[PDB]
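What the coordinates show
Here is how the chains run, residue by residue.
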Amino acid sequence: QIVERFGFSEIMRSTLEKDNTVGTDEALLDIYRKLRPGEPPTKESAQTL
Amino acid sequence: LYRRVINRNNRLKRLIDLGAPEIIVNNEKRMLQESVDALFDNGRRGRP
Amino acid sequence: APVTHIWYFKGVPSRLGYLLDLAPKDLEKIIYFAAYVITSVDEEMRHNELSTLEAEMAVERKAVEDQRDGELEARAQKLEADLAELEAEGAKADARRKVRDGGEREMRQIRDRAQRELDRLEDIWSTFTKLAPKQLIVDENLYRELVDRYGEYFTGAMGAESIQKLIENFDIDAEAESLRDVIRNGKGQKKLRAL
Amino acid sequence: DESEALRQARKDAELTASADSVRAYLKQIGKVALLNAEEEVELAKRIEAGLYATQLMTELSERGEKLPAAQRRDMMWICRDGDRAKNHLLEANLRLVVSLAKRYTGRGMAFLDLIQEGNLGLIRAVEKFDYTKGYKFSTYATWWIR
DNA sequence: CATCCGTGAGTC
DNA sequence: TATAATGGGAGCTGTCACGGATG
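Residues numbered from 1 in each chain as written, not as in the entry; some residues may be left out. Chains lettered and ligands numbered in written order. Part of a larger assembly, values for the part shown. Heavy atoms only, no water. Residues with missing side-chain atoms left out of burial classes, pairs and counts.

Per the deposited record, determination of this structure is attributed to X-ray crystallography, with the resolution reported as 3.9710 Å.

**Observations concerning the sheet that holds strand β3 (residues 154–157) of chain C**
What links the strands of a sheet is backbone hydrogen bonding, and the strands pair in either a parallel or an antiparallel sense. Residues and elements named next belong to chain C. Quick reminder of the rule: Here, strands pair whenever DSSP counts at least two bridges between them. The numbering of helices and of strands both runs from the N terminus, where a helix is a DSSP run of H or I of at least 4 residues and a strand a run of E of at least 2.
Within the open sheet, the three strands sit side by side as β2-β1-β3. Their pairing is antiparallel. Both edges of this open sheet fall to β2 (136–137) and β3, since each of them pairs with a single strand only. Examined bridge by bridge, strand β1 (residues 36–41) and β2 share two bridges and lie antiparallel to one another. Looking at β2, one finds that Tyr-36 is bridged to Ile-137.

**Comments concerning the pattern of salt bridges**
All names here are of chain C. To be explicit about the condition: Put simply, a salt bridge is a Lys or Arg side-chain nitrogen that is within 4 Å of an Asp or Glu carboxyl oxygen. Using a 1.4 Å probe on the protein chains alone, a residue whose accessible area is under 20% of its type maximum counts as buried, one over 50% counts as exposed, and one in between counts as partly exposed.
Taken as a whole and assessed by the stated rule, the structure comprises 28 salt bridges over all chains. Two residues, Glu-117 and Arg-120, come together in a salt bridge whose shortest N-O distance is 2.6 Å. Here the residue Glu-117 and the residue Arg-120 both occupy positions in helix α4 (residues 93–129), the gap between them amounting to three residues, near one helical turn. When its relative accessible area of 25% is taken as the criterion, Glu-117 is described as partly exposed.

**Some points on the interface of chain C and chain D**
Interface extent is often summarised as the accessible area lost during association of the parts. Threshold: A contact between two residues is defined here by any heavy atoms of the two lying within 4.5 Å. Following the grouping adopted for this structure description, the nonpolar residues are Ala, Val, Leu, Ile, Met, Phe, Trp, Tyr, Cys and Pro, the charged ones are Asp, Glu, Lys and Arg, and the polar ones are all others, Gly among them.
Listed per partner, the contact involves eight residues of chain C and nine residues of chain D. Of the residues contributing to the side of chain C that touches chain D, the split by class is two nonpolar, no polar and six charged.

**Remarks on the packing of helix α1 (residues 2–17) of chain B against helix α2 (residues 22–40) of chain B**
Residues and elements named next belong to chain B. The test is simple: Lines fitted to the C-alpha atoms define the axes, with helices restricted to the stretch that makes contact. Angles between their N-to-C directions range from 0 to 180 degrees. Should an angle fall under 35 degrees it is taken as roughly parallel, and over 145 as roughly antiparallel, whereas 65 to 115 is taken as roughly perpendicular and any remaining angle as oblique. When the near helix sits turned anticlockwise from the far one by under a right angle, the crossing is termed left-handed; a clockwise turn instead gives a right-handed crossing.
Relative to each other, α1 and α2 sit at 160°, their axes nearing to 9 Å. Considered as vectors, α1 and α2 are oriented roughly antiparallel to each other. Judged by the twist between their axes, the crossing of α1 over α2 is left-handed. Here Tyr-2, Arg-4, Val-5, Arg-8, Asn-9, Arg-11, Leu-12, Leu-15 and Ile-16 of α1 lie close against α2, whose contacting residues are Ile-24, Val-25, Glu-28, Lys-29, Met-31, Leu-32, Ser-35, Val-36 and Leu-39. Among the residues forming the contact of α1 with α2, the class breakdown is 11 nonpolar, two polar and five charged.

**Points about the nonpolar core**
Our working definition: Among the buried residues, those of types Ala, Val, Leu, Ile, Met, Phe, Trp, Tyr and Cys that are joined through side-chain atoms within 4.5 Å form a nonpolar core.
Core analysis: the largest hydrophobic core is formed by 35 residues, its most contacted members being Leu-89, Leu-94, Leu-122, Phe-137 and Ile-145 of chain D. Every element with two or more residues in this core is listed here: α1 and α2 of chain B together with α2 (21–29), α3 (37–63), α4 (69–92), α5 (94–99), α6 (111–127) and α7 (137–145) of chain D. For this core, the leading source of residues is α6 of chain D, giving six residues.

**Observations regarding the protein's contact with DNA strand F**
The criterion, for reference: One heavy atom suffices: a residue is near a molecule or strand as soon as one of its heavy atoms comes within 4 Å of it. A 3.5 Å cut-off defines polar contacts: any pair of N or O atoms within that distance qualifies, except that in protein one atom must be a possible hydrogen donor and the other a possible acceptor, and neighbouring residues in sequence count only when both atoms are side-chain atoms.
Near DNA strand F lie 29 residues; those nearest to it are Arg-47 of chain B together with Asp-20, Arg-23, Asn-93 and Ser-138 of chain D. Taken together, the sugar and phosphate atoms account for 39% of what DNA strand F places within 4 Å of the protein. The side chain of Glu-40 of chain D places a nitrogen or oxygen atom 3.3 Å from a base oxygen of DNA strand F. Within the side chain of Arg-95 of chain D, one N or O atom sits 3.1 Å away from a base nitrogen of DNA strand F. Looking at the surface near DNA strand F, the elements with two or more residues in it are α2, α5 and α7 of chain D. Of the residues forming the surface near DNA strand F, the biggest block, six residues, is contributed by α7 of chain D. Among the residues making up the surface near DNA strand F, the classes are represented as 10 nonpolar, seven polar and 12 charged.

**What to know about the packing of α4 of chain D against α6 of chain D**
Residue and element names in this part refer to chain D. Axis separation between α4 and α6 bottoms out at 10 Å; the angle between their running directions is 130°. Classified by the angle between their axes, α4 and α6 sit oblique to one another. Between α4 and α6 lies a crossing of right-handed hand. Side by side, α4 and α6 meet where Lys-86, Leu-89 and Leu-90 of the first sit next to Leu-122, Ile-123, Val-126 and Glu-127 of the second. Along the lines of polarity and charge, the residues of the contact of α4 with α6 split into five nonpolar, no polar and two charged.

Structure representation (structure tokens):
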């Protein structure tokens, strides 16, 4: 769906490609890890905030 | 600021003498450190 | 309990941090009780027992490995046995694939759980081997394991007073000349920080 | 389900210490596990024995005479284990203080100074605790911390 | 040569 | 002062130009 909605541009295609990790779990964990370091990352504690 | 240090300094004394766990005693020491720091230079480290 | 003058700590450049050759971010984690710091270590006593201590640690790694290789075997036995028990029942071969992948998942966890133990025992031995003053042990469970095992061999403290001790055992004259030798070396970036 | 990534990413976060002095203390408490009702009873039993072996030697030291090398050492170990059990009970219900010290916030006294003074009451609470009554530790504690 | 933190930014 | 009670809570928002430590 990322390719569908934002595909009309090359700068978004260049972004999804340079994207480090894939996965719904891995994305939430990644954002959580950068937002609040120092706290145990559950798949349920990253979904919540 | 003086009142904050002496309060926490004299709480450290009670905690030390009561043979309190390291988790509580360390917590006091830290607060004391921030207490004395806040007196010397406020807002330098952390929120004022 | 002692407490550090904030002027000589947070003021940039950090005077204490320059004095003990301690990182500004590392100096924080010590004074404000977030990471332990090694104050002194009996380097001779470590050496005199180093051989004996190596052997002891070595037995543990094996005793951990031996249970792993044994525990894995028992599961491999029951995986093969259950896959044949669901064969005598005459289940669909595909329904055996679920059971097959289940076991391979279990064994993976067993191998990993033991691997983390080995890696813990590895990082423990490494840390004790290369233990010296001014080191920061930020992981607490390591330091606890480090104390219960080799507490006789080093002096570990935390907080402002730990920094006080560092200043006491500080050799000004020695650290001075040592820095002058780095100045005598041409290399710029390391001469900069030594200047 | 449990990926190797999360297992590494969990120890990465927990190891790093936050800048907030309030947050850092909250992080520390969460390590110790909450106590079962009967697990509390065990510690209570231990402290009693420990607190009692202490009262013995205290008055004996003043009067002079001391136990043999086998009795005193055996007596002494209870005193350590007793003093150790006390610290374990204080660490477990250490959350309890923080639970009802947050309510007195903004009254001219800092949060940390409240939690500490609360902990200070928890310490006295663990000494006068009695396990003969079928009451959990949490109730006799609360009245002491407030 | 360009970022990140700390310290400046008229008087009555 | 014995029912049982167990990990916070507001953030603050529109600078500016610079040196020094880090890249």
